[PDB]
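*Asks:* Experimental structure and sequence below.
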Amino acid sequence: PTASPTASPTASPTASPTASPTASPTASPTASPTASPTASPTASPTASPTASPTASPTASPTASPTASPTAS
């Protein structure tokens, strides 16, 4: 007699693979701000002018008098 045969063996199994990871995203940037503007300045005002003055006037002159006449 002999011995009963046997089926061949098999290598063990393996878990499936996985895709690699990725770093998370980021919100986009923004330009910096600016201070508000200002209306331009102005030169300072001035009081108005005045016409020149005048010396006071004078009453007119008179001729001198004369003594009265006489008979001869």
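*Replies:* Nice, thanks for sending it over. Residues are numbered from 1 along each chain as shown.

*Asks:* Could you report the neighbour count for residue 22?
*Replies:* 6 (other CB atoms under 10 Å). From N, CA and C alone the C-beta is placed, and that goes for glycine too.

*Asks:* Also residue 28?
*Replies:* Per other CB under 10 Å, the neighbour tally for residue 28 reads 5.

*Asks:* Which parts of this protein are strands?
*Replies:* Per DSSP state E, the chain carries no strands over any range.

*Asks:* For burial, what's the neighbour tally of residue 70?
*Replies:* 5.

*Asks:* Next, the contact list for residue 69, please.
*Replies:* Residues in contact with residue 69 (CB atoms under 8 Å, 6 or more residues apart in numbering): none are found.

*Asks:* Tell me how far it lies from residue 17.
*Replies:* Distance of residue 69 to residue 17, computed by CB to CB, to the nearest Å: 161 Å.

*Asks:* One more: residue 30?
*Replies:* Applying CB to CB, the value for residue 30 to residue 17 is 41 Å.

*Asks:* ok, now residue 56?
*Replies:* On the measure of CB to CB, residue 56 and residue 17 end up 121 Å apart.

*Asks:* Could you do residue 2 as well?
*Replies:* 46 Å.

*Asks:* Can you give me every residue that contacts residue 57?
*Replies:* Applying CB under 8 Å, 6+ apart, no residues contact residue 57.

*Asks:* Number the chain from 58, please
*Replies:* All right, first residue 58 from here; so that's residue 114.

*Asks:* So which residue is dead centre in the chain?
*Replies:* Centroid check for the chain by CA atoms, centre = their mean gives residue 94 as the closest residue, at 1.8 Å.
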